[PDB]
Amino acid sequence: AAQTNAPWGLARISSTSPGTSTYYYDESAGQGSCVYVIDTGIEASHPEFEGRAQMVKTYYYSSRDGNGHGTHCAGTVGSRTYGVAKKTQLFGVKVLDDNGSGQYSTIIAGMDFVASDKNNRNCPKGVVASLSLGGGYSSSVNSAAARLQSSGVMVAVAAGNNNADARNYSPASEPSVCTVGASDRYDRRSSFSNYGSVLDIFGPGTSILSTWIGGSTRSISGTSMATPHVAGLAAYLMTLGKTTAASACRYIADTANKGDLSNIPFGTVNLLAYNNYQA
């Protein structure tokens, strides 16, 4: 399948080269997989989700995305125009209030929720969790992410937007999940992107166009926008049978574009997510 005039990030993940604008992907498109977007909620009614998105859990007075951040990440995972896996199922877990903030205990509870809730969902191709969130180091947030990964969900988390070593952030520093940095359309490390030995992969993170609340769209930046590219890619690769939840991050890193990124600090992986689809 070929999506002409795709967002640069989608075109990048199916390209050996920057600077193209067509997204190439196998039509299976994540069919039969599930991605949990653990964030501010998802505006499920957005026409870009085609009835494939729904809220399954909130810890606040509403499950509605009053922020837009969770809707935007969900759109990068699986919306028809802006998504990596255009046929996956999107399950919203609202752990962040409409200010974008949330207590670690609520975030931990949401990860444990996903690790149990997947047994209530039909995900024969497998389960992914996209965690475009984080804060300071927390061994209990790390362990919650490790438990979610251990239960058979591929966990993709943002490295963080501090232009620092991700070692001091959670769940970015949990080694067993998949920590995602951000790159820009010129294959530069995003100026804000965290780095370090704990990073596993980079995805498009600068000026990412996706869905927004009120049925709209907008372009915003963050390692938080690189994560749903990797989450979506995983669900795409799992649907294709090329990897499992336990080995998806390792597979994505094995098959990534090597050494194409600039301003990658010494000791950080120079790997850019790549679906390696041959049309």
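First residue of the sequence shown? That's 106 in the deposited numbering, and the numbers climb one at a time after it.
From the three backbone atoms N, C-alpha and C, an ideal C-beta is built for every residue, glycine too.
Check, Outcome
"Distance between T145 and residue 387 (C-alpha atoms, nearest Å)", "Only positions 106 to 384 of the chain appear in this structure, which leaves residue 387 out of reach."
"Three CB pairs or more closer than 8 Å across the segment 189-197 and the segment 146-157", "yes"
"Residue environment, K363, which counts as buried when at least 16 other CB atoms sit within 10 Å", "exposed"
"Closest Cα partner of residue 404 within the set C139, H177, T186, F307", "There is simply no residue 404 to check, as the chain begins at 106 and stops at 384 in what is shown."
"Closest Cα partner of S210 within the set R117, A249, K192", "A249"
"Top-ranked residue by Cα proximity to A277, from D170, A261, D292", "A261"
"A134 to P123 span [Cα, whole Å]", "22 Å"
"N-terminal and C-terminal residue of the beta strand (DSSP E) that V258 is part of", "258-263"
"Sequence-distant residues of its chain with Cβ nearer than 6 Å to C354 (five each side left out)", "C283, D305"
"Residue interval of the beta strand (DSSP E) (run including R323)", "321-325"
"Secondary structure of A190, DSSP reduced to three states", "coil"
"Sequence-distant residues of the same chain with beta carbon closer than 6 Å to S237, five excluded per side", "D144, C178, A263, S329, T332"
"For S138, the residue or residues it bridges with in DSSP", "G231"
"Counterpart residues of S275 in DSSP-defined beta bridges", "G240"
"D170 classed as buried or exposed, judged by whether at least 16 other C-beta atoms fall within 10 angstroms", "buried"
"Backbone secondary structure at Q208 - three-state DSSP", "coil"
"Same chain, Cβ closer than 7 Å to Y379, neighbours up to 5 away in sequence not counted", "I118, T360, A361, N362"
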